[PDB]
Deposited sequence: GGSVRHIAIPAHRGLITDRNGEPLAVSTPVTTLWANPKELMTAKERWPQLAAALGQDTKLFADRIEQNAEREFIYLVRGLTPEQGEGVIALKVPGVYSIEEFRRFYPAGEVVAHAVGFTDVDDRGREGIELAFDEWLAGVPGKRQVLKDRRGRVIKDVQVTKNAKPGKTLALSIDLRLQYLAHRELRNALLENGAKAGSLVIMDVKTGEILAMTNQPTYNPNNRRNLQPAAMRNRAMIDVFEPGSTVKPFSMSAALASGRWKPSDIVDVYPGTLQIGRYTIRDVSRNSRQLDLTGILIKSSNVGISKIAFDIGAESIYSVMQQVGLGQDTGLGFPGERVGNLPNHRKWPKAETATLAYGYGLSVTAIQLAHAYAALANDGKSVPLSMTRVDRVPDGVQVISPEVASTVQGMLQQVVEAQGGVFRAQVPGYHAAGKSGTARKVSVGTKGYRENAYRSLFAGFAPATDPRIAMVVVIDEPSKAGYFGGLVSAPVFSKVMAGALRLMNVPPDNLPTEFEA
């Protein structure tokens, strides 16, 4: 008797590690109890003890078997241990079977949840890297021939028709050591400032690798019960924000490349406002008259960068921001990753020219902002982004001339180190460079920004800190986000064994 059939052989999903082999997503065995209701219907006397062993009410269990009597497979319980999936088998109930199946476990939990994502109950990638690289990780199921009786019970294992092929190991660009550091410090900053959310991205300016990518709020992917959908957002890639003052270095790059501006050139920003018809550009610090181009960045003068933009024209500024990737497709293919928006016009009036120049009305992601600062730090050369470990670095694209990029770098080192600058971004033992931003959202709500890189002498790491809606008295990016940059950069440089470059001169010793 019986009918010849073919069942599948599940394939083992590939391991995801960090760049150094630390496990991030591992498919490990769990014991699962299943039943063939067609066989169970022949052993009704065994049902009550089976229900009791499974923690089910006898009536509800009997009803469930009756309501599935025409199926040949139902799950009884999933995710037990081999010891537990034997105490039920010890009842020797016909139609009850125990199997070992592989299910994802995430050893770092909430720390890398947004990057890694997760799989569904069938071990298929559903979010994050698990989805983006599902074909790589999934493998290919096998198949084997069986003989099944009239109730669907496998009577004979005949022969394997096709072997299963396991999925492939995938090493991410993430450095788990930096990820933990970034995760902890971003969390600390949210509580320090009573903020609603935040992101922090760390990039290797030489290889394009995303070394760390963390957000708050986050979630435990090992316990996705009653989860908030907002807690699962990889904000660094799928949320957009106005970068504000953090794009002024790119406006400055266009100014320097125009041949009309040098760093020691002077702009008059008195009295701290500039009327453009019915629109008024305003500075926070309004006790300045003449400022040089570095002072414009140190004071973060919207007036100053606006007058420069009028002189060189918006088109030159738009082109730099486009070339460094702001509002442009990263090409990475992360699920839900946003392109943002760099607004364009046929003709640029003064209002649109100024707002472009100081980052108002633009939409970027944290990844884009970090990649743009990586290109600035890398002497103007943009190495393509990667979420996976890069062994052979692809050729970069020269997006800012090396001379202009070097000059802007030095200016941003002064933003961090000069008198009146963003001193909380200073990294002990190293020269650091960057730019703060503070964006008013549409009571006033704010987004606090800092973007930078280090060491200034030979840049290695670019970093972006975004703090969404700090609720304490402090909200400027130089107060809220810069100290996070300092702590995380200091730890990252130490972990990567980068030599300290802030050493005394011969006369300052």
{"query": "Missing residue ranges, deposited sequence indexing starting at 1", "finding": "443-450"}
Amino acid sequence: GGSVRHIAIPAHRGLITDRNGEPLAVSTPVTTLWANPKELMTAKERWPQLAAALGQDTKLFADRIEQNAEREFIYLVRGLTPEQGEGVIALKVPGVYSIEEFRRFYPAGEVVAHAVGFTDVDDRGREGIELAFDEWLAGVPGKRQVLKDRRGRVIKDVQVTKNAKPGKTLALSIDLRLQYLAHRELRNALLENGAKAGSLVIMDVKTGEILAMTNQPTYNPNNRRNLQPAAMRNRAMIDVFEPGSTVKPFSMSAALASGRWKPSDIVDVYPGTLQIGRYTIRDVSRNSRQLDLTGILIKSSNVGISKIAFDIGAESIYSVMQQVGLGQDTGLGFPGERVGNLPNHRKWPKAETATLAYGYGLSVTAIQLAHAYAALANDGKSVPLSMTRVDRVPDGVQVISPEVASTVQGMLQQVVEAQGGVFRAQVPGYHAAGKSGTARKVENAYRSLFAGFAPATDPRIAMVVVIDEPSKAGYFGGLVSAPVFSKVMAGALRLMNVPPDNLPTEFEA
From here on, numbers count along this sequence of modelled residues.
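Superpose the two forms; the largest set of C-alphas matching within 1.5 Å is the rigid core.
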| item | value |
| --- | --- |
| Higher-deviation segment by CA RMS in 7 other deposited structures of this protein, core fitted, 313-321 or 276-284 | 276-284 |
| Farther-lying stretch by C-alpha RMS in 7 other deposited structures of this protein, rigid core as reference, of 178-186 and 139-147 | 139-147 |
| At least a third of other PDB entries omit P37 | no |
| Across other compared entries, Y446 missing in at least a third | no |
| Mean temperature factor over C-alpha atoms, higher-scoring stretch between 162-170 and 218-226 | 218-226 |
| 357-365 set against 121-129, stretch whose average Cα temperature factor tops the other in the entry | 121-129 |
| Candidate set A456, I461, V464, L40 [ranked by C-alpha B-factor, highest] | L40 |
| Most elevated Cα B-factor in the entry, residues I99, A433, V205, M252 | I99 |
| Lowest, middle or highest third - CA B-factor, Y446 | middle |
| CA B-factor placement of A52, once the chain's modelled residues are sorted into thirds | highest |
| Position of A482 among the chain's modelled residues by C-alpha B-factor, lowest, middle or highest third | lowest |
| CA B-factor ranking of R19, expressed as a third of its chain | lowest |
| B-factor third for the C-alpha atom of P394 within its chain | middle |
